[PDB]
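Here is final20.cif, consisting of mmCIF, N, CA and C atoms; chains and numbers go by the auth columns:
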```
data_entry
#
loop_
_atom_site.group_PDB
_atom_site.id
_atom_site.type_symbol
_atom_site.label_atom_id
_atom_site.label_comp_id
_atom_site.label_asym_id
_atom_site.label_seq_id
_atom_site.Cartn_x
_atom_site.Cartn_y
_atom_site.Cartn_z
_atom_site.B_iso_or_equiv
_atom_site.auth_seq_id
_atom_site.auth_asym_id
ATOM 1 N N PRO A 1 -4.169 -3.551 14.640 0.00 1 L
ATOM 2 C CA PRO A 1 -5.256 -2.598 14.602 0.00 1 L
ATOM 3 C C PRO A 1 -4.895 -1.448 13.674 0.00 1 L
ATOM 4 N N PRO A 2 -5.871 -0.584 13.384 0.00 2 L
ATOM 5 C CA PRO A 2 -5.712 0.567 12.520 0.00 2 L
ATOM 6 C C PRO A 2 -4.887 1.629 13.232 0.00 2 L
ATOM 7 N N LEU A 3 -3.723 1.960 12.668 0.00 3 L
ATOM 8 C CA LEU A 3 -2.847 2.958 13.252 0.00 3 L
ATOM 9 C C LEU A 3 -1.498 2.936 12.546 0.00 3 L
ATOM 10 N N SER A 4 -0.923 4.119 12.319 0.00 4 L
ATOM 11 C CA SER A 4 0.361 4.228 11.657 0.00 4 L
ATOM 12 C C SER A 4 1.013 5.557 12.011 0.00 4 L
ATOM 13 N N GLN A 5 2.165 5.499 12.685 0.00 5 L
ATOM 14 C CA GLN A 5 2.881 6.694 13.079 0.00 5 L
ATOM 15 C C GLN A 5 4.377 6.414 13.113 0.00 5 L
ATOM 16 N N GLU A 6 4.878 5.978 14.271 0.00 6 L
ATOM 17 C CA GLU A 6 6.287 5.674 14.426 0.00 6 L
ATOM 18 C C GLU A 6 6.460 4.249 14.930 0.00 6 L
ATOM 19 N N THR A 7 5.676 3.319 14.377 0.00 7 L
ATOM 20 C CA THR A 7 5.750 1.927 14.775 0.00 7 L
ATOM 21 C C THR A 7 4.950 1.069 13.806 0.00 7 L
ATOM 22 N N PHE A 8 3.661 0.880 14.099 0.00 8 L
ATOM 23 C CA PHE A 8 2.794 0.083 13.255 0.00 8 L
ATOM 24 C C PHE A 8 2.916 0.543 11.809 0.00 8 L
ATOM 25 N N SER A 9 3.425 1.762 11.610 0.00 9 L
ATOM 26 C CA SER A 9 3.592 2.310 10.279 0.00 9 L
ATOM 27 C C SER A 9 4.826 1.708 9.623 0.00 9 L
ATOM 28 N N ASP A 10 5.775 1.250 10.442 0.00 10 L
ATOM 29 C CA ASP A 10 6.997 0.654 9.938 0.00 10 L
ATOM 30 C C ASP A 10 6.673 -0.629 9.187 0.00 10 L
ATOM 31 N N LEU A 11 5.539 -1.250 9.523 0.00 11 L
ATOM 32 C CA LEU A 11 5.121 -2.479 8.880 0.00 11 L
ATOM 33 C C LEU A 11 4.339 -2.161 7.614 0.00 11 L
ATOM 34 N N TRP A 12 3.009 -2.244 7.695 0.00 12 L
ATOM 35 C CA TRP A 12 2.158 -1.961 6.557 0.00 12 L
ATOM 36 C C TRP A 12 3.007 -1.790 5.304 0.00 12 L
ATOM 37 N N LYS A 13 4.202 -1.216 5.466 0.00 13 L
ATOM 38 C CA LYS A 13 5.101 -0.999 4.351 0.00 13 L
ATOM 39 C C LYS A 13 5.321 -2.305 3.601 0.00 13 L
ATOM 40 N N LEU A 14 4.831 -3.410 4.168 0.00 14 L
ATOM 41 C CA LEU A 14 4.977 -4.714 3.554 0.00 14 L
ATOM 42 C C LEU A 14 3.873 -4.928 2.527 0.00 14 L
ATOM 43 N N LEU A 15 2.647 -4.527 2.875 0.00 15 L
ATOM 44 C CA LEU A 15 1.513 -4.676 1.986 0.00 15 L
ATOM 45 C C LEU A 15 1.717 -3.822 0.742 0.00 15 L
ATOM 46 N N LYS A 16 2.619 -2.841 0.830 0.00 16 L
ATOM 47 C CA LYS A 16 2.902 -1.962 -0.286 0.00 16 L
ATOM 48 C C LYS A 16 3.129 -2.783 -1.548 0.00 16 L
ATOM 49 N N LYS A 17 4.188 -3.595 -1.551 0.00 17 L
ATOM 50 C CA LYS A 17 4.509 -4.427 -2.693 0.00 17 L
ATOM 51 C C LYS A 17 3.260 -5.151 -3.174 0.00 17 L
ATOM 52 N N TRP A 18 2.307 -5.371 -2.265 0.00 18 L
ATOM 53 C CA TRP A 18 1.073 -6.049 -2.604 0.00 18 L
ATOM 54 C C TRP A 18 -0.097 -5.081 -2.499 0.00 18 L
ATOM 55 N N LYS A 19 0.146 -3.913 -1.899 0.00 19 L
ATOM 56 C CA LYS A 19 -0.887 -2.909 -1.738 0.00 19 L
ATOM 57 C C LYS A 19 -0.660 -1.772 -2.724 0.00 19 L
ATOM 58 N N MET A 20 0.369 -1.904 -3.565 0.00 20 L
ATOM 59 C CA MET A 20 0.686 -0.886 -4.546 0.00 20 L
ATOM 60 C C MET A 20 -0.548 -0.566 -5.377 0.00 20 L
ATOM 61 N N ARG A 21 -0.334 -0.057 -6.594 0.00 21 L
ATOM 62 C CA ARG A 21 -1.427 0.290 -7.480 0.00 21 L
ATOM 63 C C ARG A 21 -2.290 -0.936 -7.739 0.00 21 L
ATOM 64 N N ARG A 22 -1.976 -2.044 -7.063 0.00 22 L
ATOM 65 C CA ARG A 22 -2.722 -3.276 -7.223 0.00 22 L
ATOM 66 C C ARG A 22 -3.988 -3.224 -6.380 0.00 22 L
ATOM 67 N N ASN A 23 -4.894 -2.303 -6.716 0.00 23 L
ATOM 68 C CA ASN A 23 -6.140 -2.157 -5.990 0.00 23 L
ATOM 69 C C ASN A 23 -7.265 -2.849 -6.747 0.00 23 L
ATOM 70 N N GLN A 24 -8.011 -2.082 -7.544 0.00 24 L
ATOM 71 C CA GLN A 24 -9.112 -2.623 -8.316 0.00 24 L
ATOM 72 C C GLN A 24 -9.386 -1.733 -9.519 0.00 24 L
ATOM 73 N N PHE A 25 -9.718 -0.465 -9.264 0.00 25 L
ATOM 74 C CA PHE A 25 -10.002 0.478 -10.327 0.00 25 L
ATOM 75 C C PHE A 25 -8.704 1.091 -10.834 0.00 25 L
ATOM 76 N N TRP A 26 -7.730 1.260 -9.936 0.00 26 L
ATOM 77 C CA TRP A 26 -6.449 1.832 -10.301 0.00 26 L
ATOM 78 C C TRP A 26 -5.392 0.740 -10.360 0.00 26 L
ATOM 79 N N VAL A 27 -5.697 -0.351 -11.067 0.00 27 L
ATOM 80 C CA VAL A 27 -4.775 -1.460 -11.199 0.00 27 L
ATOM 81 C C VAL A 27 -4.240 -1.518 -12.622 0.00 27 L
ATOM 82 N N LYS A 28 -3.128 -0.823 -12.872 0.00 28 L
ATOM 83 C CA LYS A 28 -2.523 -0.801 -14.190 0.00 28 L
ATOM 84 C C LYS A 28 -3.193 0.261 -15.049 0.00 28 L
ATOM 85 N N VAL A 29 -3.466 1.426 -14.457 0.00 29 L
ATOM 86 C CA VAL A 29 -4.103 2.515 -15.169 0.00 29 L
ATOM 87 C C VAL A 29 -3.118 3.664 -15.339 0.00 29 L
ATOM 88 N N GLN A 30 -1.825 3.341 -15.392 0.00 30 L
ATOM 89 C CA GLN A 30 -0.792 4.345 -15.551 0.00 30 L
ATOM 90 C C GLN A 30 0.525 3.679 -15.926 0.00 30 L
ATOM 91 N N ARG A 31 1.410 4.432 -16.583 0.00 31 L
ATOM 92 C CA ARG A 31 2.698 3.912 -16.995 0.00 31 L
ATOM 93 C C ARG A 31 3.553 3.621 -15.770 0.00 31 L
ATOM 94 N N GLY A 32 4.622 2.843 -15.956 0.00 32 L
ATOM 95 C CA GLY A 32 5.509 2.498 -14.863 0.00 32 L
ATOM 96 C C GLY A 32 5.350 1.027 -14.499 0.00 32 L
#
```
Step by step, read the file and then write its structure as structure tokens.
Amino acid sequence: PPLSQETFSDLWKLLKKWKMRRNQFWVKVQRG
């Protein structure tokens, strides 16, 4: 479910590598 603090937040950190700037409008719109 939707929630991130001192637990469920420890995860989501996984989608990062896939949730990074890899969105739609901001997908490769900056150096790095």
Nearby residues (only C-alpha atoms) at most 12 Å from residue 2 (chain L), same-chain spacing under 3 positions excluded, as a JSON list (two decimals) with N, CA and C atoms, keeping the file's coordinate frame:
```json
[["chain", "number", "residue", "atom", "x", "y", "z"],
["L", 5, "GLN", "N", 2.16, 5.50, 12.68],
["L", 5, "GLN", "CA", 2.88, 6.69, 13.08],
["L", 5, "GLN", "C", 4.38, 6.41, 13.11],
["L", 7, "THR", "N", 5.68, 3.32, 14.38],
["L", 7, "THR", "CA", 5.75, 1.93, 14.78],
["L", 7, "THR", "C", 4.95, 1.07, 13.81],
["L", 8, "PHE", "N", 3.66, 0.88, 14.10],
["L", 8, "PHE", "CA", 2.79, 0.08, 13.26],
["L", 8, "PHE", "C", 2.92, 0.54, 11.81],
["L", 9, "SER", "N", 3.42, 1.76, 11.61],
["L", 9, "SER", "CA", 3.59, 2.31, 10.28],
["L", 9, "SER", "C", 4.83, 1.71, 9.62],
["L", 11, "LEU", "N", 5.54, -1.25, 9.52],
["L", 11, "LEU", "CA", 5.12, -2.48, 8.88],
["L", 11, "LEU", "C", 4.34, -2.16, 7.61],
["L", 12, "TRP", "N", 3.01, -2.24, 7.70],
["L", 12, "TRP", "CA", 2.16, -1.96, 6.56],
["L", 12, "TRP", "C", 3.01, -1.79, 5.30]]
```
Secondary structure check, alpha helix (DSSP H) residues of chain L, as number ranges by chain | L: 8-19
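The interatomic distance for the pair atom C of residue 30 (chain L) and atom N of residue 10 (chain L) works out to 27.0 Å.
The coordinates place CA of residue 6 (chain L) at 28.8 Å from CA of residue 27 (chain L).
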Between CA of residue 24 (chain L) and CA of residue 1 (chain L), distance in Å (one decimal) =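 Atom-to-atom, CA of residue 24 (chain L) to CA of residue 1 (chain L), that is 23.2 Å.
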Output requested as an mmCIF file, in the frame of the given file - region 10-29 of chain L, filled out with N, CA, C and O atoms.
```cif
data_model
loop_
_atom_site.group_PDB
_atom_site.id
_atom_site.type_symbol
_atom_site.label_atom_id
_atom_site.label_comp_id
_atom_site.auth_asym_id
_atom_site.auth_seq_id
_atom_site.Cartn_x
_atom_site.Cartn_y
_atom_site.Cartn_z
ATOM 1 N N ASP L 10 5.775 1.250 10.442
ATOM 2 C CA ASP L 10 6.997 0.654 9.938
ATOM 3 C C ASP L 10 6.673 -0.629 9.187
ATOM 4 O O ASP L 10 7.434 -1.052 8.319
ATOM 5 N N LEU L 11 5.539 -1.250 9.523
ATOM 6 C CA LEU L 11 5.121 -2.479 8.880
ATOM 7 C C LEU L 11 4.339 -2.161 7.614
ATOM 8 O O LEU L 11 4.926 -1.845 6.582
ATOM 9 N N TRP L 12 3.009 -2.244 7.695
ATOM 10 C CA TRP L 12 2.158 -1.961 6.557
ATOM 11 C C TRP L 12 3.007 -1.790 5.304
ATOM 12 O O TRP L 12 2.591 -2.171 4.213
ATOM 13 N N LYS L 13 4.202 -1.216 5.466
ATOM 14 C CA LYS L 13 5.101 -0.999 4.351
ATOM 15 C C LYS L 13 5.321 -2.305 3.601
ATOM 16 O O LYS L 13 5.923 -2.315 2.530
ATOM 17 N N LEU L 14 4.831 -3.410 4.168
ATOM 18 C CA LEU L 14 4.977 -4.714 3.554
ATOM 19 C C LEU L 14 3.873 -4.928 2.527
ATOM 20 O O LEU L 14 4.124 -5.443 1.440
ATOM 21 N N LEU L 15 2.647 -4.527 2.875
ATOM 22 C CA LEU L 15 1.513 -4.676 1.986
ATOM 23 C C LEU L 15 1.717 -3.822 0.742
ATOM 24 O O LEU L 15 1.071 -4.044 -0.280
ATOM 25 N N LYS L 16 2.619 -2.841 0.830
ATOM 26 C CA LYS L 16 2.902 -1.962 -0.286
ATOM 27 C C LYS L 16 3.129 -2.783 -1.548
ATOM 28 O O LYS L 16 2.362 -2.683 -2.502
ATOM 29 N N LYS L 17 4.188 -3.595 -1.551
ATOM 30 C CA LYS L 17 4.509 -4.427 -2.693
ATOM 31 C C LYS L 17 3.260 -5.151 -3.174
ATOM 32 O O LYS L 17 3.157 -5.505 -4.346
ATOM 33 N N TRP L 18 2.307 -5.371 -2.265
ATOM 34 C CA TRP L 18 1.073 -6.049 -2.604
ATOM 35 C C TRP L 18 -0.097 -5.081 -2.499
ATOM 36 O O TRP L 18 -1.198 -5.383 -2.953
ATOM 37 N N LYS L 19 0.146 -3.913 -1.899
ATOM 38 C CA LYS L 19 -0.887 -2.909 -1.738
ATOM 39 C C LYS L 19 -0.660 -1.772 -2.724
ATOM 40 O O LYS L 19 -1.402 -0.791 -2.725
ATOM 41 N N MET L 20 0.369 -1.904 -3.565
ATOM 42 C CA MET L 20 0.686 -0.886 -4.546
ATOM 43 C C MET L 20 -0.548 -0.566 -5.377
ATOM 44 O O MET L 20 -1.674 -0.774 -4.930
ATOM 45 N N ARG L 21 -0.334 -0.057 -6.594
ATOM 46 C CA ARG L 21 -1.427 0.290 -7.480
ATOM 47 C C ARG L 21 -2.290 -0.936 -7.739
ATOM 48 O O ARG L 21 -3.225 -0.883 -8.535
ATOM 49 N N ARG L 22 -1.976 -2.044 -7.063
ATOM 50 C CA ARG L 22 -2.722 -3.276 -7.223
ATOM 51 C C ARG L 22 -3.988 -3.224 -6.380
ATOM 52 O O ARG L 22 -4.145 -4.003 -5.443
ATOM 53 N N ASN L 23 -4.894 -2.303 -6.716
ATOM 54 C CA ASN L 23 -6.140 -2.157 -5.990
ATOM 55 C C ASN L 23 -7.265 -2.849 -6.747
ATOM 56 O O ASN L 23 -7.456 -4.056 -6.611
ATOM 57 N N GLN L 24 -8.011 -2.082 -7.544
ATOM 58 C CA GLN L 24 -9.112 -2.623 -8.316
ATOM 59 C C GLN L 24 -9.386 -1.733 -9.519
ATOM 60 O O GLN L 24 -9.300 -2.183 -10.660
ATOM 61 N N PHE L 25 -9.718 -0.465 -9.264
ATOM 62 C CA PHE L 25 -10.002 0.478 -10.327
ATOM 63 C C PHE L 25 -8.704 1.091 -10.834
ATOM 64 O O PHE L 25 -8.584 1.406 -12.015
ATOM 65 N N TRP L 26 -7.730 1.260 -9.936
ATOM 66 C CA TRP L 26 -6.449 1.832 -10.301
ATOM 67 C C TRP L 26 -5.392 0.740 -10.360
ATOM 68 O O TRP L 26 -4.318 0.880 -9.777
ATOM 69 N N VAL L 27 -5.697 -0.351 -11.067
ATOM 70 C CA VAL L 27 -4.775 -1.460 -11.199
ATOM 71 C C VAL L 27 -4.240 -1.518 -12.622
ATOM 72 O O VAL L 27 -4.821 -2.180 -13.479
ATOM 73 N N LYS L 28 -3.128 -0.823 -12.872
ATOM 74 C CA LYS L 28 -2.523 -0.801 -14.190
ATOM 75 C C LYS L 28 -3.193 0.261 -15.049
ATOM 76 O O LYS L 28 -3.459 0.032 -16.227
ATOM 77 N N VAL L 29 -3.466 1.426 -14.457
ATOM 78 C CA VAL L 29 -4.103 2.515 -15.169
ATOM 79 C C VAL L 29 -3.118 3.664 -15.339
ATOM 80 O O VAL L 29 -3.521 4.822 -15.420
#
```
